[PDB]
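# A look at the structure
Residue strings, one per chain:
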Amino acid sequence: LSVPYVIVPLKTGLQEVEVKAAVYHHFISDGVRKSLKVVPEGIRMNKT
Amino acid sequence: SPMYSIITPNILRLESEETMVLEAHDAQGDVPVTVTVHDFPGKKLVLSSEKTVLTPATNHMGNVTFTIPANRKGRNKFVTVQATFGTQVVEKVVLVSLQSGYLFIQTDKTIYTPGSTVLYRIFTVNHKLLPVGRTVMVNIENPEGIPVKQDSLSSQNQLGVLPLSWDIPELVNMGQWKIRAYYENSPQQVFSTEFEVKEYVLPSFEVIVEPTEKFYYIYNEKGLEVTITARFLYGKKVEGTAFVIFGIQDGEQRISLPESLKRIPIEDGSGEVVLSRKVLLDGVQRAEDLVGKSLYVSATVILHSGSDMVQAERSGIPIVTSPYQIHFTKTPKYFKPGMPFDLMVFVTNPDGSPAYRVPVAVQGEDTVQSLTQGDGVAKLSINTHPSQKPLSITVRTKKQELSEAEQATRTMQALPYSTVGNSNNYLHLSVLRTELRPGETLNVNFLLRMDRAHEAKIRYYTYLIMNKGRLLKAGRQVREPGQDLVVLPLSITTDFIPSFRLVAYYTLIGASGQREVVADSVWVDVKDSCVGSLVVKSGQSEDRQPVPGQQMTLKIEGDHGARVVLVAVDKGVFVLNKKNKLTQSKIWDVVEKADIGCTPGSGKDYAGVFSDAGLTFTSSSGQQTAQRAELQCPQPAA
Ligand SMILES: *[C@@H]1O[C@H](CO)[C@@H](O[C@@H]2O[C@H](CO)[C@@H](O[C@@H]3O[C@H](CO[C@@H]4O[C@H](CO[C@@H]5O[C@H](CO)[C@@H](O)[C@H](O)[C@@H]5O)[C@@H](O)[C@H](O)[C@@H]4O)[C@@H](O)[C@H](O)[C@@H]3O)[C@H](O)[C@H]2NC(C)=O)[C@H](O)[C@H]1NC(C)=O
Ligand SMILES: *[C@@H]1O[C@H](CO)[C@@H](O[C@@H]2O[C@H](CO)[C@@H](O[C@@H]3O[C@H](CO[C@@H]4O[C@H](CO)[C@@H](O)[C@H](O)[C@@H]4O)[C@@H](O)[C@H](O)[C@@H]3O)[C@H](O)[C@H]2NC(C)=O)[C@H](O)[C@H]1NC(C)=O
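Residues numbered from 1 in each chain as written, not as in the entry; some residues may be left out. Chains lettered and ligands numbered in written order. Part of a larger assembly, values for the part shown. Heavy atoms only, no water. Residues with missing side-chain atoms left out of burial classes, pairs and counts.

This deposited entry lists X-ray crystallography as its structure determination method and 3.900 Å as its resolution.

Laid out in structure tokens, this is it:
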């Protein structure tokens, strides 16, 4: 089951997104703390 | 008439021990032998040592192991071997290779992201695959072939393992990167391994595209059937929808087929797609023309959650008229007049992989048959007449279920063994060819062929063993007068790997006081496996699947005193790229390519048998082999 999440990066650099989830009645859980690179607005170029 | 012969590898090597088989026929008592090697031309004395005495207690066979130093263009350099048997001197010039050994580069991952670190190790070994301490130069080039980093470390006392690492800057061109390394003593010989650099993200499932047949029959109504298998990295099956397309390839150009685009559901982690022959032909505008070209499938699976997406691709699907191919590349091109000639039929699938269980036969002899083994080689044997006329053989696949039209055929031509002065004296070596395994024993058959007038003169055979380009062993096979067939109990060790040759010859006086030499060579393939053994299994002799963060015992069963380097990689990585890996099979494939032998066995004459087996014969009587002055084997002339 997919779960959407709208977010808006504010500061550049390797930021951190973290989500957690636990089930009712069952005593199980699992959190994920992955990191994504936040790059500004520009375009690559190799001027001579 | 004392005949002093000498045999050395067709091509010598630097900084390595090359054997040298000394001999003395019809010699009395002892004989002081002095072996010397000089540079060519002139005299510089690269090696003067190594002297031995041929004792009658050893049938007058010597054994001198020498080593050519360094002391360092485009033109090959040669050396002059000089063996002095007491007073009579016999010398021969041999080609020299600058190749000091091999280099194997290993990278943890196959693809890297800009900003990460690349961990690569360089394995340094000799021609015997044994570790060695040398100076290695390592460079790293970008997609546009431009070195950015160069090191100069030494595997001295490092047990032939050079751990290295390099950080990839964020600002850099994506594409195919290359790591080139080479011994300092041989800049011309360079080894390379590629690793892709791309901004990627590890998926959560892999996609496999397997066509029912590893090819396509042009006259197949059903069409090209393809199966789309998709499963998560953890093994569980995948539910989603796939987008599969086709196309034709021509050398380097690809022609997509828009009218073949399909959208099939993926239930139970499996999918079924078919490319009707109708659409295929309509893709162009002479079906027999498409023959030779290839088809490629491009699938694209998307989960029902629309969270992840994977793109797979199968390319190289051959379009041929016969499901098989026959090659006489493992069959000697020379037969013995009136003697059983062995045919090593090499049946392979249109792609290149060997075909298992496929009956074959000859033009005639409808009764004769033989199935193909796991290696892709069939065992055939025919009887020839005492005619000096070329023997033409046509082998035909006899696999049922098909028709005489769907069968693949091939024809070769073998030439009789020219005997010195037309004395009609031959020698045949028949080998019980089965998948040889280190530990077993091989029954080497020696079949003589000559009139009884001089058969009593032959009392021994001189055989030599070729392996990885060096003389592994050489001995004598006794023979009593009246014996046309004698067996040689040759024990197979872990050295014969991968393939080893066996040359055998005898010398005597006959005809008209003329010296004669008759030889015969044979190339046998040994099982392709590790020289020793290395196994990695789970330490826990029980239980199920672990949990992220949990510890687990890891059993490692290897050879004693051996160093083992490890590395663990997420399978998800191989979904993006599985090429350019490191396999034991790829190692033997390289070793075999560097073989000095260029013939499955036998030859036109005695001087051809040795040369076609990677050897050089030279005697005091005059009988020598054909001068070899070319590194590579004969340019394969179909
Ligand atoms: C080409 O040249 C090769 C190198 O010279 C030869 O290889 C040798 O051949 C023999 C027979 O196949 C190999 O096998 C055995 O060796 C072991 C014993 O271990 C050895 O010790 C030897 C003897 O040293 C001393 O000998 C004297 C006299 O007996 C003693 O007084 C003393 O105590 C000690 O024993 C070494 O010479 C020897 O080689 C080993 O170190 C033995 O048990 C077997 O019976 C047999 O001899 C031998 O290992 C080979 N040498 C190696 C591998 O280093 C080869 O014979 C020759 N032929 C070709 C073409 O291969
Ligand atoms: C500085 O920018 C320039 C462009 O302004 C870069 O040059 C090249 O740019 C073109 C167009 O974007 C790239 O073409 C691509 O080529 C790939 C692969 O084909 C290529 O074949 C050539 C010639 O055989 C090789 O030199 C390349 O390595 C590569 O194999 C193709 O798949 C795409 O369809 C696309 O057309 C080209 O790749 C790129 N040159 C590169 C990457 O070497 C230039 O890269 C960049 N930096 C510098 C200074 O090189």
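## Thoughts on the site of ligand 1
All names here are of chain B. Lining the immediate surroundings of ligand 1 are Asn63, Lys473 and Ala474. Side-chain polar atom of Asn63 to an oxygen atom of ligand 1: 2.4 Å apart, as the coordinates give it. Considering ligand 1 on its own, with 1000 Å² of exposed area, one finds that the protein chains cover 13% of that surface. (Near = heavy atom within 4 Å. Polar contact = N/O pair within 3.5 Å; in protein donor to acceptor, adjacent residues only side chain to side chain. Areas by Shrake-Rupley, 256 points an atom, 1.4 Å probe, with all protein chains shown as cover.)

## Focus on the domain arrangement of chain B
Residue and element names in this part refer to chain B. Annotation of chain B at the domain level lists domain 1 (1-101 + 594-625), domain 2 (102-202), domain 3 (203-322), domain 4 (323-424), domain 5 (425-529) and domain 6 (530-593). The centre of domain 4, based on its C-alpha atoms, is set 23 Å off from the matching centre of domain 5. Counting residues at the interface gives 21 residues for domain 4 and 20 residues for domain 5. Summed over the three residues of domain 4 that lose the most area to domain 5, namely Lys336, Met339 and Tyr417, the buried surface amounts to 30% of that side. Summed over the shared surface of domain 4 and domain 5, the result is two salt bridges. With its nearest N and O atoms 3.1 Å apart, the salt bridge here joins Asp375 to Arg433. Seen at the junction of domain 4 and domain 5, the total is 12 residue pairs in polar contact. The set of elements that each furnish at least two residues to the side of domain 4 that touches domain 5 consists of β28 (341-348) and β30 (377-382). Split by residue class, the side of domain 4 that touches domain 5 holds eight nonpolar, eight polar and five charged. (Domains from an automatic or database assignment. Contact = heavy atoms within 4.5 Å. Buried area = accessible area lost by both parts, 1.4 Å probe. Salt bridge = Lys/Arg side-chain N within 4 Å of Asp/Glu carboxyl O. Helix = DSSP H or I, 4+ residues; strand = E, 2+ residues; numbered from the N terminus. Nonpolar A, V, L, I, M, F, W, Y, C, P; charged D, E, K, R; others polar.)

## Thoughts on the side chain of B:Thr107
All names here are of chain B. Looking at the secondary structure, you find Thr107 in strand β10 (residues 102-107). We classify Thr107 as buried; its relative accessible area is 16%. Within the local environment of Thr107, its side chain forms a polar contact with the backbone oxygen of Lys109, the two atoms lying 2.9 Å apart. Once residues lying within four places of it in the same chain are set aside, the contact partners of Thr107 are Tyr112, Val118, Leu119, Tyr120 and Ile179. (Buried < 20%, exposed > 50% of the residue type's maximum accessible area, 1.4 Å probe, protein only.)

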